[PDB]
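Peer 1: only geometry, no sequence info:
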């Protein structure tokens, strides 16, 4: 643990360090067979209510089978790469001539085995439920008669339970237009998922890390509905394969830092655009700009790599002071003055401007601070409430240290009355070049006159 | 009621007035206990089908319990303040030493009571269902034998109903990774929600306003899964606490206003960026830029305050004419000419340009209007259809007045051939300063030459 | 079929042609009645468990009825036109005096008929389920007594099934606050949907195209819960009415194209902002900028027209070379250098810059290509994996041709050290005018000195 956090007032940003990493790098496919049984028609016209119930359940089964048969900041630097592609290839291979027959003929004695398709591939296959014996040898031979009669009541319960399970599966396929995410409990039982993870050919540390957080690995999985033929139903489940384990993985937070003045409209200032998760992998650091693309869960930062960047390992240099001519980190200059507040993982940062009232609070002492102009930092050491203007925020509650590096705002260094403004992706060097060009132009203009 | 609407052609904007307000300002927590019963193993190996069904349902119950055990415009001026924080604190307090034991020992005679945790806090607690008696003195003493036999059939139905309820609850926890929104009917019944609202320590007007719109208050609630131990399951439900009631709360709508010309490419014009809900609270007006953050429901504008602003009470000054040097409201200058149409709460605004065909229609008179160049307003007084180019829109149908303030477009005031363009957050003063600087520069250049 | 694709290296873009089109243009409404039966109270206090189960199910029914009674790039050029408007009008007409009584009195002998409301309108009406005979003729006359007793067990199963269906409907209305999308299997079964489609007053080709893709037409539908009165429940289902069929409909894809250099920071370049679906309709082409607004399904591009443009039919002129002074297509000039990759429908485009490593791969030959600086195109003819930096992408697998039009990047034509940059919607003419103005200004400055 030991989640540390630092706040830098030179740029008015916050960094949170201590989180471990778990980065996915590859997909994995598996075939699930739910083999059905062929039913054609019913002929018996009995009077007893049990026959009517069984016939109604069989009609619901047939309707479900027919329906399933008929079913067959800095954000614009990511890429539109497709998500589900391996499952599509697996389903296309399954659609080929006779491969499903080979799979069915290779799974007659054991419910779990390893089957090889055409070309070259190794995919796990798993069989669920059983409908080739109960409905073929027990109910089918008697219904196709003239005087059917069922002298029992538990068979109805069992049949409706199995039909309810299958109908739930087919309705889940029906509603979501053939693609579902995440996989529900109906599609994959917990024990079956554990068996699949155990049998999946990876190392031991990855198995240990993935088997203790089945919720996360279920959240990021996928399902593809596949060919229906030869009395057997098979679909494809796609499970992520985590590739980067136990590396330092920190977080960044930004907030506007503007100078205060009595004159309205002269509030040029600076802001950062490096939100999201920085993280370490290989030799070049990753980058997740969207904070909603992945979720922190139990001191871990499980995150996809499809929407990520490839920044050099020297990006961790402007977090101390944005002066070094080694790497610039995307200033967000503007000319707006609005109060705001952000709640980082351990503390709170309040940028309070103008005449708006901004105060911290407590559960037993009421008002405890009187935040002045500019941006300030309050730590989780006795406060549980921050009010800004006429809106209220709650502060997170955890255990950790809270440092405070004093400094001086950098906006005061910049001279007003000459300032570019309205740059969405200013990178320090660009704004400095613009300032130098403007100064040279005005100097030449006054010298020549 | 009396939903009035006005259209200003000077800037081509629409204002809708008459809506009452309901602004949330604080959260509230409650603890729900669904206490289970401990089951270890089954030994009887009877042959009767009822025993098999009961054993299967008990196995499903145990698997569910084990799985739950293992489970434990202007948009970038809002703030990233956390949503669920009070529930986290309540769960953390519950996780402390022996508090759950105190809660369980204080809820042995009455199903509803008030319990106080450590430090200082007052949280309501509620008990649902009953599984400490049915499964402990009826099924457990007889299953743990050698010759179990159940000579009844309704017990199976009752047990399957209770197990279905509990398994639905645990599956809905399982699928959504431990956080659900909004709370489903399974988690909180109508009677329990009404009892909690009645017992909530608030005034009478808030209770009257919230008890008649239970759908809205259910939509904005939250649920957190909490500690499992000592044969009792408890989780946290978070219900919003509305704080601002019965204040004027109007709506704004914008549309591009551009001049027409025969020459292609010379279509510099102006647009607004004040979409969303203006509203009144305290002494400084609020602001919700996103129109999808909250929903209008039955002449009310229920809206969260986490994503909101703190604009001064003088913002209602550029809605008449954007000339007064008191407050600027964020021009959106551009150099694009595309036709568009917007459907406000009572009428339609169509900005029709170029050679595209744009016409209103009716259900009994066909074509009724022949909208010319520029932006025009059509009211719901005989029209129910607007076609622009090759796309179709339906107009809302309500009852209210429709005014029309004639004026003159303000783009004609601006002189072309010198115009900044490509400013995302121009604020009238900035564009005027740019124009003045350009005019001064060109004047000096021609004077010195 | 024959999905062809071309890649133009002049601007580094990709075009995919061959897809057929299916464009929606209008809505349609239908009334569904689920007529209930009135129940007031229960008086019999029998001891048998069957009476208890029936009473509990009746109480659940009453609670559900009471709950339902109480329930009574280039993205900012689209428009905020309302989605559900026809259903609102239909419900408002239904709410008028006595129309529901007329509908109920006109549907006493046949379950399907055509009824006309006030003013003028023609809406289909449909009746589902039956609760005016089972519960009012069998259970009500015997429960309202002193010594009720039910000597059967199948009635419980039938009643629980019907009550489960009705409670599922009312719960799904309850959770989603009165508006649901898409319609689940509960509100509309397969046979009823097929009957409604067959009875829909449209041509034959549209019926043939829509009856084979019921998933898509169900995905884009809507459901509005409507007036409750006179012991009859009615709601409105809104089904799309496709209007444009069998027209050419192609797709465009873009990727940054930048020059390479050893000096860091001097990497001015150009990018396109014409993502989404171009498509043909009438005489003016449509435009869908968002790629997530509609889904490709089985060689068809079903897409709503609510969020679309009205571009002239001459837009298909800058796809060959952006030089012709006929139409400009929105350059996205910038000054950033980041590697990226995009996976089009048949191939992959990789823009590889700097020191990052970018390689294609294969399942039987390992590394197969060594992509150099700039942007390159790889086709699906032996590759199934693309790695860029430290991230991995899979390539789509289909059948089709892959052309390659060689050329020269246009950014080499532009002379550096004088270049506007930071224009979000540059349109070739604008950047050329800026360049000409800057050149004229500097020429005058050096001539006068």
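Peer 2: Done, it's in. Numbers count the residues shown, from 1 in each chain, chains lettered A, B, ... in the order given.
Peer 1: Quick check, the residue in chain A closest to chain C?
Peer 2: Of all residues in chain A, residue A:310 sits closest to chain C, with a separation of 3.2 Å (Cβ to the nearest Cβ). (C-beta placed from N, C-alpha, C; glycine too.)
Peer 1: That residue: what secondary structure?
Peer 2: The local conformation at residue A:310, judged by DSSP: H, G, I helix; E, B strand; the rest coil, is strand.
Peer 1: For it, list each beta-bridge partner.
Peer 2: When bridges are called by DSSP bridges, residue A:310 pairs up with residue A:286.
Peer 1: Wait, it touches residue A:284, no?
Peer 2: Yes - with contacts defined as Cβ atoms under 8 Å, residue A:310 counts as touching residue A:284 at a distance of 5.3 Å.
Peer 1: Can you work out which residues contact both of the two?
Peer 2: Here residue A:310 and residue A:284 have C:356, C:389, C:390 as joint contacts, going by Cβ atoms under 8 Å, 6 or more residues apart in numbering or on different chains.
Peer 1: Run a quick neighbour tally on residue A:426.
Peer 2: 24 (other Cβ atoms under 10 Å in any protein chain shown).
Peer 1: so what's the backbone phi/psi at it?
Peer 2: Summarising the backbone geometry of residue A:426 under the convention degrees, to the nearest 10, its torsions are phi -70, psi 140.
Peer 1: Name the nearest residue to it, sequence neighbours excluded.
Peer 2: Spatially, and ignoring its direct neighbours in sequence, residue A:426 is nearest to residue A:331 (4.2 Å; Cβ to Cβ, 6 or more residues apart in numbering or on different chains).
Peer 1: sorry, back to before: buried ones among the shared contacts of residue A:310 and residue A:284?
Peer 2: Buried members of the shared contacts of residue A:310 and residue A:284, scored by 16 or more other Cβ atoms under 10 Å in any protein chain shown, are C:389, C:390.
Peer 1: Spell out which residues of the stretch 1-150 of chain A are next to chain C.
Peer 2: Counting by Cβ under 8 Å from any Cβ of the partner chain, the residues of the stretch 1-150 of chain A lying close to chain C are A:25-27, A:49-50, A:53, A:63, A:66-67, A:70-71, A:76-82, A:85-86, A:88-89, A:92, A:120-121.
Peer 1: Could you find the closest non-adjacent residue to residue A:138?
Peer 2: In space, not counting the residues next to it along the chain, residue A:138 is nearest to residue A:155; the distance is 8.0 Å by Cβ to Cβ, 6+ apart.
Peer 1: With respect to chain A, which of the shared contacts of residue A:310 and residue A:284 is nearest?
Peer 2: Closest to chain A out of the shared contacts of residue A:310 and residue A:284 is residue C:389 (3.2 Å), distances taken as Cβ to the nearest Cβ.
Peer 1: is it true that the closest one touches residue C:355?
Peer 2: No - between residue C:389 and residue C:355 there is no contact, the gap being 9.8 Å when judged by Cβ under 8 Å.
Peer 1: So what's the residue count around residue A:281?
Peer 2: Other residues within reach of residue A:281, judged by other Cβ under 10 Å, total 21.
Peer 1: What does the residue sitting nearest the centre point of chain A show for phi and psi?
Peer 2: For chain A, the residue whose C-alpha lies nearest the mean C-alpha position (Cα atoms, centre = their mean) is residue A:294; its distance is 3.8 Å. With angles defined as degrees, to the nearest 10, residue A:294 shows backbone torsions of phi -150, psi 160.
Peer 1: which residues does residue A:379 contact?
Peer 2: Residues in contact with residue A:379, defined by Cβ under 8 Å, 6+ apart, are A:346, A:347, A:348, A:402.
Peer 1: Enumerate the beta-bridge partners assigned to the third one.
Peer 2: In this case it means residue A:348. The partner list for residue A:348 in beta bridges (DSSP bridges) reads residue A:343, residue A:378.
Peer 1: residues near it, how many?
Peer 2: Applying other Cβ under 10 Å, we find 24 other residues in the vicinity of residue A:348.
Peer 1: Correct me if wrong: it contacts residue A:377.
Peer 2: Yes - taking contact to mean Cβ under 8 Å, the distance of 7.3 Å between residue A:348 and residue A:377 places them in contact.
Peer 1: so what's the residue nearest to the centre of chain A closest to, chain neighbours aside?
Peer 2: In space, residue A:294 comes closest to residue A:303 once its chain neighbours are excluded; the distance is 3.5 Å by Cβ to Cβ, 6+ apart.
Peer 1: again, but for residue A:345
Peer 2: Nearest non-adjacent residue to residue A:345, counting by Cβ to Cβ, 6+ apart: residue A:16, 5.0 Å away.
Peer 1: same question, residue A:154
Peer 2: Distance criterion Cβ to Cβ, 6+ apart; nearest residue to residue A:154, sequence neighbours excluded, is residue B:49 at 4.1 Å.
Peer 1: give me phi/psi at residue A:276?
Peer 2: phi 100, psi -170.
Peer 1: Tell me how many other residues surround the residue lying closest to it once chain neighbours are set aside.
Peer 2: With Cβ to Cβ, 6+ apart as the measure, residue A:289 is the residue that lies nearest to residue A:276, at 4.2 Å, once sequence neighbours are left out. One way to gauge burial is a neighbour count; for residue A:289, by other Cβ under 10 Å, it gives 19.
Peer 1: Residue A:289 contacts residue A:78, doesn't it?
Peer 2: Yes - counting by Cβ under 8 Å, residue A:289 sits close enough to residue A:78 to count as a contact (7.5 Å).
Peer 1: Residues that sit against both of those two, list them.
Peer 2: Contact criterion Cβ under 8 Å, 6+ apart; residues bridging residue A:289 and residue A:78 by contacting each: A:307, A:309.
Peer 1: What residues does the nearest residue to residue A:68 once chain neighbours are set aside make contact with?
Peer 2: Nearest residue to residue A:68 in three dimensions, chain neighbours excluded: residue A:170, at 4.8 Å (Cβ to Cβ, 6+ apart). Contact criterion Cβ under 8 Å, 6+ apart gives A:64, A:65, A:67, A:68, A:71 as the residues in contact with residue A:170.
Peer 1: So residue A:170 lies in a helix, does it not?
Peer 2: Yes - under the criterion used here (three-state DSSP), residue A:170 sits inside a helix.
Peer 1: How about the contacts made by the residue in the stretch 251-400 of chain A positioned nearest to chain B?
Peer 2: Using Cβ to the nearest Cβ, residue A:389 is the residue of the stretch 251-400 of chain A that sits closest to chain B, at 3.2 Å. Remark: with contacts taken as Cβ under 8 Å, 6+ apart, residue A:389 is in contact with A:339, A:356, A:357, A:358, B:284, B:310.
Peer 1: Where does the stretch 51-200 of chain A get nearest to chain B, which residue?
Peer 2: Among residues of the stretch 51-200 of chain A, the one nearest chain B by Cβ to the nearest Cβ turns out to be residue A:154. It sits 4.1 Å away.
Peer 1: Show me what from the stretch 251-400 of chain A comes close to chain B.
Peer 2: Of all the residues in the stretch 251-400 of chain A, those lying near chain B are A:253, A:265, A:275, A:291, A:295, A:297, A:334-336, A:338-343, A:356, A:363-364, A:384, A:388-397, going by Cβ under 8 Å from any Cβ.
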